[PDB]
Structures are given as structure tokens and as C-alpha cells.
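Everything below belongs to entry_30.pdb, which stores PDB, C-alpha atoms.
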```pdb
MODEL        1
ATOM      1  CA  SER A  27       0.000   0.000   0.000
ATOM      2  CA  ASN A  28       1.101   3.559  -0.817
ATOM      3  CA  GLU A  29      -0.103   6.415   1.398
ATOM      4  CA  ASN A  30       0.392  10.022   0.293
ATOM      5  CA  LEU A  31       0.759  12.359   3.249
ATOM      6  CA  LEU A  32      -0.977  15.720   2.905
ATOM      7  CA  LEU A  33       0.134  18.756   4.902
ATOM      8  CA  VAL A  34      -2.484  21.261   6.012
ATOM      9  CA  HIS A  35      -1.766  24.597   4.260
ATOM     10  CA  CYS A  36       0.731  23.237   1.684
ATOM     11  CA  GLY A  37      -1.899  23.736  -1.014
ATOM     12  CA  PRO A  38      -2.755  21.525  -3.974
ATOM     13  CA  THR A  39      -0.700  18.335  -4.007
ATOM     14  CA  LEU A  40      -0.507  15.988  -6.983
ATOM     15  CA  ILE A  41      -0.475  12.396  -5.739
ATOM     16  CA  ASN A  42       0.451   9.157  -7.444
ATOM     17  CA  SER A  43      -2.756   7.304  -8.267
ATOM     18  CA  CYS A  44      -3.496   3.976  -9.926
ATOM     19  CA  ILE A  45      -5.805   3.470 -12.899
ATOM     20  CA  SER A  46      -8.027   0.385 -12.839
ATOM     21  CA  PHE A  47     -10.057  -1.145 -15.671
ATOM     22  CA  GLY A  48     -12.980  -3.336 -14.650
ATOM     23  CA  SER A  49     -14.292  -3.831 -11.105
ATOM     24  CA  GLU A  50     -12.671  -4.737  -7.786
TER      25      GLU A  50
ATOM     26  CA  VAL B1457     -11.348 -21.670 -21.619
ATOM     27  CA  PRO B1458     -10.223 -19.441 -18.742
ATOM     28  CA  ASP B1459     -12.306 -16.389 -17.964
ATOM     29  CA  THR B1460     -11.183 -12.896 -18.855
ATOM     30  CA  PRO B1461      -9.354 -11.130 -16.012
ATOM     31  CA  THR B1462     -11.920  -9.068 -14.136
ATOM     32  CA  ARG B1463      -9.611  -6.172 -13.243
ATOM     33  CA  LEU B1464      -6.449  -4.641 -14.707
ATOM     34  CA  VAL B1465      -4.604  -2.094 -12.564
ATOM     35  CA  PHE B1466      -1.735   0.220 -13.476
ATOM     36  CA  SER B1467       0.671   2.037 -11.155
ATOM     37  CA  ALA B1468       3.537   4.242 -12.332
ATOM     38  CA  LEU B1469       6.832   3.571 -10.569
ATOM     39  CA  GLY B1470       8.824   6.163 -12.491
ATOM     40  CA  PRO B1471       8.931   8.028 -15.803
ATOM     41  CA  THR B1472       9.801   4.797 -17.660
ATOM     42  CA  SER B1473       8.305   1.978 -15.581
ATOM     43  CA  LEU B1474       5.007   0.784 -14.213
ATOM     44  CA  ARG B1475       3.448  -2.071 -12.312
ATOM     45  CA  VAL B1476       0.648  -3.980 -14.036
ATOM     46  CA  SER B1477      -1.632  -6.041 -11.806
ATOM     47  CA  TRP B1478      -4.731  -8.097 -12.498
ATOM     48  CA  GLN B1479      -7.418 -10.210 -10.857
ATOM     49  CA  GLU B1480      -8.898 -13.502 -12.033
ATOM     50  CA  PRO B1481     -12.375 -14.617 -10.895
ATOM     51  CA  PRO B1486      -6.529 -24.191 -12.359
ATOM     52  CA  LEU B1487      -4.235 -22.284 -14.719
ATOM     53  CA  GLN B1488      -0.788 -22.632 -16.200
ATOM     54  CA  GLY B1489      -0.321 -18.881 -15.940
ATOM     55  CA  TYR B1490      -0.829 -15.596 -17.713
ATOM     56  CA  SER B1491       0.476 -13.604 -20.626
ATOM     57  CA  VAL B1492       0.989  -9.848 -20.522
ATOM     58  CA  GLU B1493       1.365  -8.286 -23.964
ATOM     59  CA  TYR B1494       2.242  -4.659 -24.554
ATOM     60  CA  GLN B1495       3.278  -2.445 -27.435
ATOM     61  CA  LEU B1496       3.171   1.149 -28.573
ATOM     62  CA  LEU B1497      -0.358   2.061 -29.624
ATOM     63  CA  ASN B1498       0.997   2.964 -33.076
ATOM     64  CA  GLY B1499       3.028   0.224 -34.700
ATOM     65  CA  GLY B1500       5.475  -0.801 -31.983
ATOM     66  CA  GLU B1501       6.927  -4.283 -31.776
ATOM     67  CA  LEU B1502       4.889  -6.670 -29.643
ATOM     68  CA  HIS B1503       6.345  -7.560 -26.240
ATOM     69  CA  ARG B1504       4.959 -10.634 -24.483
ATOM     70  CA  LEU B1505       5.660 -11.638 -20.881
ATOM     71  CA  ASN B1506       4.839 -15.225 -19.927
ATOM     72  CA  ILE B1507       3.957 -15.467 -16.226
ATOM     73  CA  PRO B1508       4.482 -19.083 -15.103
ATOM     74  CA  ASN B1509       2.671 -19.233 -11.771
ATOM     75  CA  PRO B1510      -1.077 -18.555 -11.433
ATOM     76  CA  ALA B1511      -0.403 -17.060  -7.980
ATOM     77  CA  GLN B1512       1.659 -14.173  -9.425
ATOM     78  CA  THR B1513      -0.789 -11.507 -10.631
ATOM     79  CA  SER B1514       1.527  -8.497 -10.948
ATOM     80  CA  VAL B1515       4.591  -7.586 -12.990
ATOM     81  CA  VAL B1516       6.884  -4.589 -13.365
ATOM     82  CA  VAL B1517       7.489  -3.299 -16.894
ATOM     83  CA  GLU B1518      10.543  -1.091 -17.427
ATOM     84  CA  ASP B1519      12.170   0.833 -20.272
ATOM     85  CA  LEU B1520       8.904   2.383 -21.420
ATOM     86  CA  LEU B1521       9.228   5.559 -23.451
ATOM     87  CA  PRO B1522       7.962   8.646 -21.576
ATOM     88  CA  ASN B1523       4.898  10.390 -23.006
ATOM     89  CA  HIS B1524       4.167   7.474 -25.369
ATOM     90  CA  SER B1525       0.887   5.552 -25.432
ATOM     91  CA  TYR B1526       1.095   1.794 -24.823
ATOM     92  CA  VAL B1527      -1.590  -0.862 -25.148
ATOM     93  CA  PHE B1528      -1.502  -3.645 -22.542
ATOM     94  CA  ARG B1529      -3.388  -6.943 -22.802
ATOM     95  CA  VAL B1530      -3.610  -9.666 -20.150
ATOM     96  CA  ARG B1531      -4.878 -13.218 -20.709
ATOM     97  CA  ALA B1532      -5.008 -16.412 -18.664
ATOM     98  CA  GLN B1533      -4.078 -19.848 -19.998
ATOM     99  CA  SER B1534      -5.219 -23.321 -18.948
ATOM    100  CA  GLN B1535      -5.369 -26.796 -20.459
ATOM    101  CA  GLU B1536      -8.433 -25.727 -22.475
ATOM    102  CA  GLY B1537      -6.448 -22.873 -24.047
ATOM    103  CA  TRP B1538      -6.158 -19.115 -23.806
ATOM    104  CA  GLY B1539      -8.957 -16.985 -22.428
ATOM    105  CA  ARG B1540     -10.014 -13.608 -23.736
ATOM    106  CA  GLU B1541      -7.904 -10.568 -22.924
ATOM    107  CA  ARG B1542      -8.502  -7.549 -20.739
ATOM    108  CA  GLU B1543      -6.983  -4.455 -22.319
ATOM    109  CA  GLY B1544      -5.911  -0.993 -21.223
ATOM    110  CA  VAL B1545      -4.143   1.933 -22.909
ATOM    111  CA  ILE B1546      -1.697   3.791 -20.673
ATOM    112  CA  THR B1547       0.810   6.643 -20.931
ATOM    113  CA  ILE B1548       3.384   7.747 -18.355
ATOM    114  CA  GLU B1549       3.553  11.544 -18.673
ATOM    115  CA  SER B1550       6.542  13.604 -17.518
ATOM    116  CA  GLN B1551       8.203  16.915 -18.334
ATOM    117  CA  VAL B1552      10.056  17.158 -21.647
ATOM    118  CA  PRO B1557       4.314  24.940  -8.210
ATOM    119  CA  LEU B1558       2.376  22.221  -6.379
ATOM    120  CA  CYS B1559       3.484  20.707  -3.066
ATOM    121  CA  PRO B1560       6.485  18.577  -4.219
ATOM    122  CA  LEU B1561       5.111  15.076  -3.606
ATOM    123  CA  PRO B1562       7.603  12.276  -4.355
ATOM    124  CA  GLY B1563       6.567  10.890  -7.712
ATOM    125  CA  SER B1564       4.904  14.192  -8.641
ATOM    126  CA  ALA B1565       7.221  14.478 -11.665
ATOM    127  CA  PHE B1566       5.323  11.713 -13.484
ATOM    128  CA  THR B1567       1.685  10.694 -13.808
ATOM    129  CA  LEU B1568      -0.316   7.892 -15.371
ATOM    130  CA  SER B1569      -2.948   8.787 -17.936
ATOM    131  CA  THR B1570      -5.483   6.988 -20.092
ATOM    132  CA  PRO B1571      -7.925   8.710 -22.461
ATOM    133  CA  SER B1572     -11.137   7.794 -20.608
ATOM    134  CA  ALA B1573      -9.912   8.109 -17.013
ATOM    135  CA  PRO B1574     -10.182  11.244 -14.887
ATOM    136  CA  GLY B1575      -7.006  13.276 -14.750
ATOM    137  CA  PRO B1576      -4.473  12.926 -11.946
ATOM    138  CA  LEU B1577      -5.863  13.474  -8.458
ATOM    139  CA  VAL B1578      -4.848  16.746  -6.801
ATOM    140  CA  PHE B1579      -5.507  17.017  -3.062
ATOM    141  CA  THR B1580      -5.601  20.066  -0.802
ATOM    142  CA  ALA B1581      -5.677  19.465   2.947
ATOM    143  CA  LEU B1582      -7.979  22.218   4.224
ATOM    144  CA  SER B1583      -7.952  21.234   7.897
ATOM    145  CA  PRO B1584      -7.164  18.222  10.118
ATOM    146  CA  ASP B1585     -10.559  16.705   9.219
ATOM    147  CA  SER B1586     -11.270  17.984   5.700
ATOM    148  CA  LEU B1587      -9.773  18.133   2.228
ATOM    149  CA  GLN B1588     -10.630  19.063  -1.333
ATOM    150  CA  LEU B1589     -10.036  16.738  -4.281
ATOM    151  CA  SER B1590      -9.829  17.988  -7.873
ATOM    152  CA  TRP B1591      -9.323  16.264 -11.215
ATOM    153  CA  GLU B1592      -9.240  17.103 -14.895
ATOM    154  CA  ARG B1593     -11.970  15.906 -17.227
ATOM    155  CA  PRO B1594     -11.142  12.704 -19.145
ATOM    156  CA  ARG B1595      -9.558  13.701 -22.434
ATOM    157  CA  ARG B1596     -11.645  11.181 -24.427
ATOM    158  CA  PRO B1597     -14.679   9.911 -22.524
ATOM    159  CA  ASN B1598     -16.759   7.139 -24.053
ATOM    160  CA  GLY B1599     -19.860   9.246 -24.577
ATOM    161  CA  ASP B1600     -20.685  12.572 -22.999
ATOM    162  CA  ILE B1601     -19.878  12.986 -19.321
ATOM    163  CA  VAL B1602     -22.871  13.120 -16.966
ATOM    164  CA  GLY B1603     -20.870  13.345 -13.757
ATOM    165  CA  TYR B1604     -18.447  11.572 -11.471
ATOM    166  CA  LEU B1605     -18.647   9.024  -8.691
ATOM    167  CA  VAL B1606     -16.160   9.663  -5.881
ATOM    168  CA  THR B1607     -15.816   7.147  -3.062
ATOM    169  CA  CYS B1608     -13.970   7.579   0.225
ATOM    170  CA  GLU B1609     -13.262   4.821   2.736
ATOM    171  CA  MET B1610     -10.790   3.985   5.465
ATOM    172  CA  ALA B1611      -7.848   2.374   3.703
ATOM    173  CA  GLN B1612      -7.265  -0.201   6.463
ATOM    174  CA  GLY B1613     -10.721  -1.679   5.864
ATOM    175  CA  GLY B1614     -13.568  -2.254   8.267
ATOM    176  CA  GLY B1615     -15.957   0.660   7.937
ATOM    177  CA  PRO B1616     -18.290   1.623   5.121
ATOM    178  CA  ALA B1617     -17.568   3.737   2.080
ATOM    179  CA  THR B1618     -18.977   7.198   1.433
ATOM    180  CA  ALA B1619     -20.057   7.816  -2.161
ATOM    181  CA  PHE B1620     -20.356  11.344  -3.571
ATOM    182  CA  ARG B1621     -22.102  12.121  -6.867
ATOM    183  CA  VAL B1622     -20.500  15.109  -8.618
ATOM    184  CA  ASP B1623     -22.853  16.256 -11.374
ATOM    185  CA  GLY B1624     -21.862  18.129 -14.507
ATOM    186  CA  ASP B1625     -19.053  18.173 -17.046
ATOM    187  CA  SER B1626     -16.666  20.904 -15.925
ATOM    188  CA  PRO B1627     -13.125  20.996 -17.369
ATOM    189  CA  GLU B1628     -11.954  20.779 -13.756
ATOM    190  CA  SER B1629     -14.129  19.126 -11.118
ATOM    191  CA  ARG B1630     -13.731  19.564  -7.368
ATOM    192  CA  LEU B1631     -15.158  17.958  -4.231
ATOM    193  CA  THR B1632     -14.803  18.971  -0.590
ATOM    194  CA  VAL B1633     -14.729  15.955   1.731
ATOM    195  CA  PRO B1634     -15.495  16.550   5.430
ATOM    196  CA  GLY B1635     -15.559  14.424   8.557
ATOM    197  CA  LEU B1636     -12.191  12.715   8.119
ATOM    198  CA  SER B1637     -10.764  11.267  11.328
ATOM    199  CA  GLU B1638      -7.387  12.785  12.128
ATOM    200  CA  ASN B1639      -4.219  11.052  10.867
ATOM    201  CA  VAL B1640      -6.216   8.155   9.358
ATOM    202  CA  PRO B1641      -5.417   6.920   5.820
ATOM    203  CA  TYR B1642      -8.330   7.143   3.389
ATOM    204  CA  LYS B1643      -8.687   5.513  -0.028
ATOM    205  CA  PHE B1644     -10.298   7.658  -2.726
ATOM    206  CA  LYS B1645     -11.694   6.448  -6.040
ATOM    207  CA  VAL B1646     -12.867   8.677  -8.904
ATOM    208  CA  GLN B1647     -14.612   7.493 -12.051
ATOM    209  CA  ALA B1648     -16.542   9.248 -14.777
ATOM    210  CA  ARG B1649     -20.180   8.409 -15.418
ATOM    211  CA  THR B1650     -20.925   8.870 -19.122
ATOM    212  CA  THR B1651     -23.954   8.237 -21.297
ATOM    213  CA  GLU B1652     -22.318   4.893 -22.179
ATOM    214  CA  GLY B1653     -21.522   3.847 -18.601
ATOM    215  CA  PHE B1654     -18.655   4.092 -16.118
ATOM    216  CA  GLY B1655     -15.092   4.768 -17.188
ATOM    217  CA  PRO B1656     -11.830   3.553 -15.669
ATOM    218  CA  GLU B1657     -11.238   4.343 -12.005
ATOM    219  CA  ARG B1658      -8.450   6.492 -10.585
ATOM    220  CA  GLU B1659      -7.564   5.517  -7.020
ATOM    221  CA  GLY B1660      -5.199   6.825  -4.379
ATOM    222  CA  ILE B1661      -4.616   6.741  -0.636
ATOM    223  CA  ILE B1662      -4.019   9.873   1.437
ATOM    224  CA  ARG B1663      -3.458  10.791   5.069
ATOM    225  CA  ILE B1664      -3.903  14.317   6.434
ATOM    226  CA  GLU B1665      -0.999  15.452   8.603
TER     227      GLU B1665
ENDMDL
END
```
Could you spell out this file's structure in C-alpha cells?
Amino acid sequence: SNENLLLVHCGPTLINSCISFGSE
Amino acid sequence: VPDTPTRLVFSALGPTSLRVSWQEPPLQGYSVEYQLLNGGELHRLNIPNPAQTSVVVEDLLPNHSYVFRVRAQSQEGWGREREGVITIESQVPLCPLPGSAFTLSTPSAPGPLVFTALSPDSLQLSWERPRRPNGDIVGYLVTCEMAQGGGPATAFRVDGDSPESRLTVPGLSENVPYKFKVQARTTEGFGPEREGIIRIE
């Protein structure tokens, strides 16, 4: 698992996200 | 013959590499085929153990579109493939997240997820419209759930077809990781999902 930490007040943050085709 | 894989998942590891994963509903194994969308030589990976459902692909060209196809094989032969088209985009002012220099894209998926932590218990999520939706976009489904499992999911319906869409998400327990999923709802159905896990610090 990959967790992207977000800091309050750092502003917009681009995270790494997966793309999934189909259904989990 | 074996069933078609029910899910195909892509994760960028760098500007030139990604992890491809899949789910199957015995088998000899799987094949993963990939090639440039326009004319590239066909690369096939034979995966010998049915228990391995992920592989890392390296030496991909940045900013080039690749088609990936995954099939299962058994004694009765090859099953049908699940396919996805993927690009790893990178440069030829946002909070410098590790891995921010590259993003995955596919034509029908929402754009990369951009998060703003507004407070210890709230954030805003924004994403670009899919570049090529299958049919006109009616809206988006956004789901939020605790990443470590257990509790229920919260599903938001974001209506409209704005170039950029945004959603404020309240009521987030402090310091808890949350899994977000975004997918477009079009007049033809649901598009590919974009998923990511965050934690507000």
C-alpha cells in the first residue's frame, strides 16, 4: 500500500494514483 | 477456456516503468502483452505461476501511449484478454510530492488526483476531465473509505461536465489513511477508475 501524506496549508498536491479497468 | 481477467490495474513507478496487476475470478499462468499504440513491436511476458498476478514493466518511453493486454491460460487454451491503454507523462508549483514528476494517464480516465488538505478533518479533491470519454460525461462518482478496511464507504455524486471538477470531503478522522476512487459516469456507462490513498498530517 502507498499512502500520500498531505500537509495542512501546503496547497494543492498531486499524488500518485493507480488506474483500474474493470471492477474490484 | 479461462475467464477474462476481471480487473487490470496500473501504477507508475517512475517516468519509464510501471506495475501492471490483475485479478482472475486451475491455470498454467498468464500472458501480458504490450506495445506502442501505433506500430510498436509486440512484447509478451509469460507469467508461469497462477499465484503471481503483478509484474513490473521497465524501459517504457515517456509520453508514449502503450496498449496492454492480459490473458489467462489453462489446459483448455487461452482466455479472452482484458486491455488498457496507458501513458506515463513527464516533463520534456504544487506541493512537491515524491513521484509528482510523473503521472499515469489513459484517455477515458479522470485526470491525476490533486488534493488540498484544508484542515485536520477535511480536504478538497480535484481532477481534470477525461480527455476522451466514451460518450458525454454526466458526472463523477467519488468514493472515500478507510484504507485499512472495516468501515463503510462514502459515495459522492459530482454532477456536470466541468473541465476541472472539485469535491470537498469533510468528517475525516485525524491522521487516518483514506482511499479515494474517482470514475466518470458517461452516457455509455462508467469509465476507468483512478484511485489513491491519502493521510492528512
Next item on the list: Give as a PyMOL selection string every residue of chain B that touches chain A within 6 Å, counting only C-alpha atoms.
Entry: chain B and resi 1462-1467+1558-1559+1564+1578-1583+1656-1665
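Those residues that approach stretch 1514-1522 of chain B to within 7 Å, counting all atoms listed in the file, are residues 1471, 1472, 1473, 1474, 1475, 1476, 1477, 1478, 1548, 1549 and 1550 of chain B; same-chain residues fewer than 3 positions away are not listed.
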Checklist line | Test item: the PyMOL selection byres ((chain B and resi 1647) around 6) resolved as an NGL selection string | finding: :B and (1604-1605 or 1646 or 1648 or 1655 or 1657)
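The spacing separating atom CA of residue B:1641 from atom CA of residue B:1591 amounts to 19.8 Å.
The interatomic distance for the pair atom CA of residue B:1622 and atom CA of residue B:1610 works out to 20.4 Å.
For the pair atom CA of residue B:1607 and atom CA of residue B:1576, the separation is 15.5 Å.
Once the PyMOL selection byres ((chain B and resi 1525) around 10) is applied to the depicted file, the selected set reads residues 1495, 1496, 1497, 1498, 1520, 1521, 1522, 1523, 1524, 1526, 1527, 1528, 1545, 1546, 1547, 1548, 1549, 1569, 1570 and 1571 of chain B.
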Next item on the list: Show which residues sit within 8 Å of residue B:1490, as a PyMOL selection string. Count all atoms listed in the file, and ignore same-chain residues fewer than 3 positions away.
Entry: chain B and resi 1506-1510+1530-1533
Kindly export the residues of the current selection with C-alpha atoms, as a PDB file, in the coordinates of the input.
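Now in part-v9.pdb:
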```pdb
ATOM      1  CA  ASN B1506       4.839 -15.225 -19.927  1.00  0.00           C
ATOM      2  CA  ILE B1507       3.957 -15.467 -16.226  1.00  0.00           C
ATOM      3  CA  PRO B1508       4.482 -19.083 -15.103  1.00  0.00           C
ATOM      4  CA  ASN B1509       2.671 -19.233 -11.771  1.00  0.00           C
ATOM      5  CA  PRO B1510      -1.077 -18.555 -11.433  1.00  0.00           C
ATOM      6  CA  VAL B1530      -3.610  -9.666 -20.150  1.00  0.00           C
ATOM      7  CA  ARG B1531      -4.878 -13.218 -20.709  1.00  0.00           C
ATOM      8  CA  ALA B1532      -5.008 -16.412 -18.664  1.00  0.00           C
ATOM      9  CA  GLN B1533      -4.078 -19.848 -19.998  1.00  0.00           C
TER      10      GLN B1533
END
```
Next item on the list: Write out as a count of residues only the residues lying within 8 Å of residue B:1631, counting only C-alpha atoms and excluding same-chain residues fewer than 6 positions away.
Entry: 4
Checklist line | Residues selected by the PyMOL selection byres ((chain B and resi 1535) around 9), written as a list in words | finding: residues 1457, 1458, 1486, 1487, 1488, 1533, 1534, 1536, 1537 and 1538 of chain B
Calculate, to one decimal in Å, the centre and edge lengths of the box along x, y and z of the file that holds all listed atoms of stretch 1543-1548 of chain B with 5 Å of margin on each side, and present them as lines of an AutoDock Vina configuration file.
```
center_x = -1.8
center_y = 1.6
center_z = -20.6
size_x = 20.4
size_y = 22.2
size_z = 14.6
```
Nearby residues (all atoms listed in the file) at most 9 Å from residue B:1593, same-chain spacing under 3 positions excluded, as a compact mmCIF listing (two decimals) with C-alpha atoms, keeping the file's coordinate frame:
```txt
# COMPACT_ATOMS: atom_id res chain seq x y z
CA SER B 1572 -11.14 7.79 -20.61
CA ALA B 1573 -9.91 8.11 -17.01
CA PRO B 1574 -10.18 11.24 -14.89
CA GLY B 1575 -7.01 13.28 -14.75
CA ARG B 1596 -11.64 11.18 -24.43
CA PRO B 1597 -14.68 9.91 -22.52
CA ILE B 1601 -19.88 12.99 -19.32
CA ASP B 1625 -19.05 18.17 -17.05
CA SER B 1626 -16.67 20.90 -15.92
CA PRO B 1627 -13.12 21.00 -17.37
CA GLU B 1628 -11.95 20.78 -13.76
CA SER B 1629 -14.13 19.13 -11.12
CA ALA B 1648 -16.54 9.25 -14.78
```
